[PDB]
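Below you'll find only one chain, the form deposited in one PDB entry, shown as structure tokens.
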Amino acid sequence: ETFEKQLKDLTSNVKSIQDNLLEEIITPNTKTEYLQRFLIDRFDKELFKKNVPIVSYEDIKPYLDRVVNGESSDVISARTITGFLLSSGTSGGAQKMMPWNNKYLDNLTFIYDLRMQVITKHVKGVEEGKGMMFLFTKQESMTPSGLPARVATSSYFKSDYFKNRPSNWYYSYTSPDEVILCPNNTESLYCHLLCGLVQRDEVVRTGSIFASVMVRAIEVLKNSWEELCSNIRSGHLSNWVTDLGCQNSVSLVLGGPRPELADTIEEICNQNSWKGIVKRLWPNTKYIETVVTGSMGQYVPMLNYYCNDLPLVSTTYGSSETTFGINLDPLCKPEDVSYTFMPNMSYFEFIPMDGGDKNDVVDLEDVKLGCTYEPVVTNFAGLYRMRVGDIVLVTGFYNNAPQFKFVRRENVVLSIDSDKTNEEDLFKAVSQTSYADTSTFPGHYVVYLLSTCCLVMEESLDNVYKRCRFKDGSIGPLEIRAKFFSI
């Protein structure tokens, strides 16, 4: 009842909520160095639109550099910046750093609570069980200001928003918090699988942020099940896991020897065909929760094979600048997913990317059906009218809330995992066509046109690629097709 009214109000009063949010954001910031220079003396929406420039990351980086280096955040935000977000996008090989504060986590947990209600409205049999969720923490980078830079979900996991989260099915995992918080993701993924297998009847959902990570978890399971079952049989975690938090918390989950359970799992895994394996090991699973839009659509056939066509539920579209919104038709096919922007997240504007809309920039409530746009974001952490670099397509409207298909990220040419290699990067590499191969796991780049040539191309790519390729092992060695490989 409360949720039904909440969602009706959010998607019906879009214009009013957006206009009030802009006033809410701008009013305490009119005296910042940044907004004072565009002479926004008081809050006035037409003055904001006329005087405040639409900017790229590059335009405002001088201001962000000052905050990163320790200058008072009030140069851009009266809401103190207490950390930064590392974006998967880069500017000159360097990851972009976005300003961040707890309003990011206020919005994120608002969206978690909303999509939880959307899921349970449409999917039965989930509220009495737990999620086997392959969630990972990545260690933070220090900035000269002394504030940490983290990836979006790590900024949540390492906060009390996560530690002191609510107590219901949607925030209940088969993995202890220590496993989720473990910065060694090889150890934590193994422990995720171990705890999920031990509590296999309680699993009602499984997944990860992106479909690539869900696929990797299944491949690790395929390559680790004999060892996992030996830990279940003995009641002892393998010695190689060094994280103390994992050792202590997983030992409690194991409890003692489980040779009968081990036998049961070994009998399932021992089939030559891995088709439907997820459903056979976790028979109470109701759905797979993972993003399957954008470059992640390449993994849908693999996921359907392993999960025996359990629904793939792609819930959220977000970025280091802001969370955008959620999928209000969770049980649709992957190719049909659209995201309804939520008007309380940030003030959204849109630049037309085709001839169907001839305006220079338009408000959320004015976007035209069937037209493409680049989103523009004004947020609660010092970003004013910043271009996001994504292209979206207006597919419809839920009440008065536009729904958007994610089309692509501008200039990105190659993407396997979190990496987003764009045309400039592939250019430097070749000067020092392409295809993203996923038919084998791990996926890898393919540069059509020598062992050394493969290496120097990889060495010129960005840090996200190199962390995925050499550390997580989510990308294989780059291949120049005679066929040659990096190493």
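The term rigid core refers to the maximal set of C-alpha atoms that superpose within 1.5 Å between the two forms. For every residue, the number given is its place in the sequence shown, counted from 1.
Keep in mind that the form deposited in another entry is missing from the display, and what follows is about it.
> Using a rigid core alignment, state whether the CA of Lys103 is displaced by 2 Å or more between the shown form and the other one.
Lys103 C-alpha, core-superposed: shift of 2 Å or more.
> Using a rigid core superposition, assess whether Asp390 undergoes a CA shift of 2 Å or more between the shown form and the other one.
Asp390 C-alpha, core-superposed: shift of less than 2 Å.
> Would one find the Cα atoms of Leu461 and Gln298 closer or farther in the other entry than in this form, where their distance changes by 3 Å or more?
So the answer is closer.
> Just to spell it out: taking the C-alpha atom of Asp417 and the C-alpha atom of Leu328, is that distance smaller or larger in the other entry than in the structure shown here, given it changes by 3 Å or more?
Farther: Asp417 and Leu328 separate by 3 Å or more in the other entry.
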